[PDB]
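A quick write-up on the structure given underneath.
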Amino acid sequence: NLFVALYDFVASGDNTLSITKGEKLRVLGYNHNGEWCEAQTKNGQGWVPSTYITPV
């Protein structure tokens, strides 16, 4: 379950996480609708838009 960021996402907060394009993430889960993904990166853990990431 390794993923890569498709775009930069600036953390809006409410447990969201900033990711940079090209960065590697490890996904833990999705929220109720699957629009949001709980991810871990070298900088932390938190929610990111599901559509801003892809497997690698």
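Under PDB author numbering, think of the first position of the sequence shown as 64, with each following residue one higher. We treat Cβ as the ideally placed atom computed from N, Cα and C, and that holds for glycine.
query, result
"Proximal residues to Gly92 (C-beta, below 7 Å), its chain only, five neighbours per side dropped", "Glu101"
"Residues near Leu69 by beta carbon distance below 8 Å, same chain, minus five either side", "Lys84, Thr114, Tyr115, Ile116, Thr117"
"Reference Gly109; option with closest CA among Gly97, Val90, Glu86", "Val90"
"Chain-order list of residues whose beta-carbon lies under 6 Å from that of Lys105 (same chain, five-residue window excluded)", "none"
"Cβ-based neighbour list, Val111, same chain, cut-off 6 Å, excluding 5 preceding and 5 following", "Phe72, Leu80, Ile82, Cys100, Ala102"
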